[PDB]
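Undergrad: quick one: initial chain(s) of a complex, as found there:
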Amino acid sequence: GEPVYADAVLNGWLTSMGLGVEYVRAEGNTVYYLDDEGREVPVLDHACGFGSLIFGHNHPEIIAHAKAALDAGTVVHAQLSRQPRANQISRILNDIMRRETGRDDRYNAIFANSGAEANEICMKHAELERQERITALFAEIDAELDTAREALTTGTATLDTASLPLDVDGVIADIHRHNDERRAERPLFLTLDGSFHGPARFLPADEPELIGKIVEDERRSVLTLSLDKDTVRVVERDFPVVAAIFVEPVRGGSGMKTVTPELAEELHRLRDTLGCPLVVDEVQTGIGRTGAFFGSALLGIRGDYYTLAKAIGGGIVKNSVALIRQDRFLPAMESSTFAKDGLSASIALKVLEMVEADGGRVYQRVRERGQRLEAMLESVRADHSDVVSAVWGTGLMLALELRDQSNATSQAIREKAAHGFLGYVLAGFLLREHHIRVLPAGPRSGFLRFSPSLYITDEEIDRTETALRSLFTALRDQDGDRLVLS
């Protein structure tokens, strides 16, 4: 009845999915809520801030470091002074990229608050590159336009009339208008359907053969006068319409699908062809979570720029970064108020020390925990194929695909399937009946995500298996009354 100031529809919706619990403490892969009696129930967190918590909630090393930084009087707001930590971080990042790819490429670092802000710096930089390409194109055209004019009026050549669908001084200004309606047209950002970053086009990542035809349609030309000894033609010239190409090495919104080699080569072709940078968006992945620092490196994606965010905060603060290759870098760029802050930078260096510690024994751990957890999800799917289509992802960034339940026998399940809430409803079963926090991914919530810390135990994975077998038995048995509340 009473006045509410936030979360009225959210909290209402969460309760009806069976997810309306409040977490009062967290440590490692455990988050705790209070029962009616007032005691702390441990819940195993397979969400982990959508894969942000590669080190689990509130790792004692990150907590120690943060308390140490705060007592040390770390300068949080030092805008427009020397902040060496930015450079210190970009160094370790460049080093890791060199090590993981073979390439001896060098990247400049720009810091930001969110992953969206990191990709937006990339979009602006790519748009600066396209404008540079346009200035050069339109100059060449001016030089070709002059030459053509002093050659039609010299009488050394004559305007072939067959090219006029597209006097002299009139055709010049008539072209100069056509070229101007192009230059002030908006730039194009190629992205894959299942991803949004920061005037775009979403392409079918499942059908890469079809991407080339779709990009080919966006091809636009400007016009010029091509002098050829004795004659002058009105010819078409390629105008750079695409500013950048954006790829997540693991597509959350597609249910944690990995960039296939067939798609990696279509993105490389496009980048080589259109001449615009390939931006690798690793913001939503979580550093180390694929079993390499860089997903891009693991799956052989050769980016011109890269973004990072998740896990760089140590699960306590918010930090993001854009790496742009120095040989392309327009220093025109190089800031925001909260960006490049001192506290998030001190903690970044701690996380990078932690993930790189003991000759990268953290990446080894991630790979084998990921192998263990994938093998369990595959074991469950083999027995529960009526309700589970696939397991997707790599390392500790995995998901199960749910078979469509929009035709379900149960009214209660079928309603929820239809409204796009199946994943949330099955996640409500896993909370109340098994004390396991899972959240779905994908737009029909038709996937279940497993993105826990690298400290997940064999016992914890086993409890997850028991819980999934239980869930998928209930779903098979169309037990609406046990899966859906009311």
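TA: Great, that's in hand. Numbers count the residues shown, from 1 in each chain, chains lettered A, B, ... in the order given.

Undergrad: Surely residue A:356 is in a strand?
TA: No. Assessed with DSSP: H, G, I helix; E, B strand; the rest coil, residue A:356 is helix; it does not lie in a strand.

Undergrad: Give me the neighbour count for it.
TA: Residues lying near residue A:356 (other Cβ atoms under 10 Å) number 18. Where C-beta positions appear, they are placed from N, C-alpha and C, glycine not excepted.

Undergrad: thought it was touching residue A:92?
TA: Yes. Counting by Cβ atoms under 8 Å, residue A:356 touches residue A:92, with 7.0 Å between them.

Undergrad: Return the set of residues that bridge with residue A:45.
TA: Beta-bridge partners for residue A:45, by DSSP bridges, are residue A:437.

Undergrad: Quick check: the gap between it and residue A:450.
TA: Applying Cβ to Cβ, to the nearest Å, the value for residue A:45 to residue A:450 is 11 Å.

Undergrad: Can you check which residues contact both of those two?
TA: Residues touching both residue A:45 and residue A:450 by Cβ atoms under 8 Å, 6 or more residues apart in numbering: none at all.

Undergrad: Pretty sure residue A:50 sits in a helix.
TA: Yes. The assignment for residue A:50 (three-state DSSP) places it in a helix.

Undergrad: List the contacts of the closest residue to it other than its chain neighbours.
TA: Leaving aside its sequence neighbours, residue A:50 sits nearest to residue A:451 (Cβ to Cβ, 6 or more residues apart in numbering; 6.5 Å). By Cβ under 8 Å, 6+ apart, the residues touching residue A:451 are A:46-48, A:50-51, A:286, A:289, A:396-398.

Undergrad: residue ranges of the helices in the stretch 251-400 of chain A, please?
TA: Assigned helices in the stretch 251-400 of chain A, in chain order: A:261-274, A:295-298, A:342-383 (criterion: DSSP state H, counting those that start in this stretch).

Undergrad: now swap in the stretch 1-150 of chain A and tell me
TA: A:8-16, A:48-51, A:60-71, A:84-101, A:115-152.

Undergrad: What's the local residue count around the nearest residue to residue A:427 once chain neighbours are set aside?
TA: Distance criterion Cβ to Cβ, 6+ apart; nearest residue to residue A:427, sequence neighbours excluded, is residue A:438 at 4.7 Å. By the criterion of other Cβ under 10 Å, residue A:438 has 28 neighbours.

Undergrad: swap in the one 3 residues further on?
TA: Residues contacting residue A:441 under the criterion other Cβ under 10 Å number 24.

Undergrad: what are the phi and psi angles of it?
TA: Main-chain dihedrals, residue A:441, degrees, to the nearest 10: phi -130, psi 170.

Undergrad: Tell me if I'm right that it and residue A:255 touch.
TA: Yes. Using Cβ under 8 Å, residue A:441 is in contact with residue A:255, at 5.5 Å.

Undergrad: anything in contact with each of those two?
TA: Common neighbours of residue A:441 and residue A:255 (Cβ under 8 Å, 6+ apart) are A:399, A:447.

Undergrad: Need the residues that contact stretch A:296-304.
TA: A:97, A:100-101, A:103, A:247, A:249, A:258-259, A:261, A:264, A:267-268, A:271, A:277-280, A:282, A:290-292, A:295, A:306, A:324-325, A:328, A:394-395.

Undergrad: As chain B, please add this:
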Amino acid sequence: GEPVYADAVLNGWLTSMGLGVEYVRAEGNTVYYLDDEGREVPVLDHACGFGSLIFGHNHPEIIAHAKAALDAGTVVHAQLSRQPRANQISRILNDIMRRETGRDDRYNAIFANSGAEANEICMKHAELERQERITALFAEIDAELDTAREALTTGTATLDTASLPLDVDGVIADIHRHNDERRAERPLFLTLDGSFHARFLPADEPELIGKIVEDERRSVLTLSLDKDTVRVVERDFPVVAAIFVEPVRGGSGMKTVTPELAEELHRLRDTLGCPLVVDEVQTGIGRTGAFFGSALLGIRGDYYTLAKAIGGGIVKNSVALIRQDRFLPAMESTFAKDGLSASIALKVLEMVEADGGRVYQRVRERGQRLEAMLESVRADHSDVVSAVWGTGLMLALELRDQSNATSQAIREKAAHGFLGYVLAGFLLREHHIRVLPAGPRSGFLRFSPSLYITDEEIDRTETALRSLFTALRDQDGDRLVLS
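TA: Below, chain B sits with the chains from the block before:
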């Protein structure tokens, strides 16, 4: 010669302005660098994270609270679970707004990472409202189009031909095409020149804004049946989605929204029917001498954004307040609504609201003290200082243009837009005072210190400014600009 991975042009540019110091520690209004001998030099910070540090750097209360939150195992990442702190915060915010404005309005809270993210939630919500206005408009038109058709073919009325510059079944589809080229046109965000959060309007000339907005007026078409006749008439199409105002415009040199401008923004909002979004993100809560600048300067917003100072100068947090009676619940990010920044938000709000708003009193009198000093300096230094702008502890001095300067060294820097930065370099090296400029020619000097600034600290600032403006008067290029 070595490999560099960040800040190569920045650090280079900062050194040539005399700002290439590295701050190793901060407490209160002091930040410290190390000299060649290795000892900590205290520097007085009049920048304070562009007014983010209303409580100064690393306030021991915010630090204690944060350490307490971290040891408590505070859930930082609880996405899609009950997080009551969000509601707890939106309550105190609504309360403060009620108290400072008189109004008993209720606002829903949406949390975000940056001020930009807070204003972007506002733009999307305002754009949802415009689409709702469009759906209703285009329905009414469909109903008017039908009525008109069953009345031209009934023969009860005839199409007045005088309105045809703009058969029947042909004119219907001919209109339905004109209306469709409008609906898929992009929405318009009115903003004032001196801020980004579109069309930038002259805040200095509010009489001129009305004519400019009047030009953006677009119409869709319909058939107006009137008993015996049917006309093709024009109808107002909502083109403007939202109007955006900073109560204090940083990018204009800390200028306050005048009453004359506050009433032109109110008129526009009442006229166009789109929300007035008050952007208080870049101001800093409490810094004007009220929680809300909007409240101090009598700006009546439909939505409000906040960011600066909500982090306690340690974390990043922002919020959009949208009036519940407008709120399209359709709306309601990974890092957004995090547990740590929420725990610290409640601490800042407890601190600023403590002792019957004793903090706002203090801000007003420290601001009065500091403004009175800046005015005393300008009275003697009118050759180089035009104005003092701002209110509370969000003040700036306006520099007279130095693009005509006698000194080659000054005149070059004036021309490249770096005067403010160069005078700030003098204040650092010769007086141990951190000032940064504001505005696009860096033709302003900002003073946005903590509410703990001392009379002795303000006095050192006066001594330093008198010194700076004497050197500038004397066109002493060699002392102001480094070679």
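
Undergrad: mind redoing the contacts of residue A:451 now chain B's in there?
TA: By Cβ atoms under 8 Å, 6 or more residues apart in numbering or on different chains, the contact list for residue A:451 reads A:46-48, A:50-51, A:286, A:289, A:396-398.

Undergrad: Do I have it right that residue A:200 meets residue A:187?
TA: No. Using Cβ under 8 Å, residue A:200 makes no contact with residue A:187, being 9.7 Å away.

Undergrad: what about the strands in the stretch 151-300 of chain A?
TA: A:158-159, A:188-192, A:200-203, A:220-228, A:231-239, A:242-247, A:250-251, A:257-258, A:278-281 (DSSP state E, counting those that start in this stretch).

Undergrad: now these in a markdown table, with distance to chain B?
TA: Compiled in a markdown table, the strands of the stretch 151-300 of chain A are given as follows (distance: least, Cβ to the nearest Cβ, whole Å):
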| stretch | distance to chain B |
| --- | --- |
| strand A:158-159 | 36 |
| strand A:188-192 | 16 |
| strand A:200-203 | 14 |
| strand A:220-228 | 20 |
| strand A:231-239 | 22 |
| strand A:242-247 | 18 |
| strand A:250-251 | 14 |
| strand A:257-258 | 19 |
| strand A:278-281 | 13 |
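
Undergrad: how many neighbours does the residue of the stretch 151-300 of chain A found nearest chain B have?
TA: As assessed by Cβ to the nearest Cβ, chain B sits closest to residue A:284 within the stretch 151-300 of chain A, at 7.6 Å. Burial of residue A:284 is recorded as 23 neighbouring residues (other Cβ atoms under 10 Å in any protein chain shown).

Undergrad: Which residue, neighbours along the chain excluded, lies closest to it?
TA: Nearest non-adjacent residue to residue A:284, counting by Cβ to Cβ, 6 or more residues apart in numbering or on different chains: residue A:252, 5.3 Å away.

Undergrad: Let me see the contact set for that neighbour.
TA: So, once contact is read as Cβ under 8 Å, 6+ apart, residue A:252 ends up touching A:50, A:194-195, A:284, A:441, A:449.

Undergrad: Ramachandran angles for residue A:22?
TA: The phi/psi pair for residue A:22 (degrees, to the nearest 10) is phi -120, psi 120.

Undergrad: contacting residues for it?
TA: Residue A:22 touches A:33-34, B:81-84, counting by Cβ under 8 Å, 6+ apart.

Undergrad: swap in residue A:45?
TA: By Cβ under 8 Å, 6+ apart, the residues touching residue A:45 are A:26, A:29-31, A:53, A:57, A:437, A:452.

Undergrad: Which of the residues you listed sits closest to chain B?
TA: Distances from chain B to the contacts of residue A:45, taken by Cβ to the nearest Cβ, are shortest for residue A:26, at 4.5 Å.

Undergrad: Please tell me I have it right and the closest one contacts residue A:40.
TA: No. Contact criterion Cβ under 8 Å: residue A:26 and residue A:40 do not qualify, at 10.9 Å.

Undergrad: Identify the contacts common to those two.
TA: Taking Cβ under 8 Å, 6+ apart as the criterion, residue A:26 and residue A:40 both touch residue A:32.

Undergrad: which one of these two has more residues nearby?
TA: Just comparing residue A:26 and residue A:40: by other Cβ under 10 Å the higher neighbour count belongs to residue A:26, 25 against 12.
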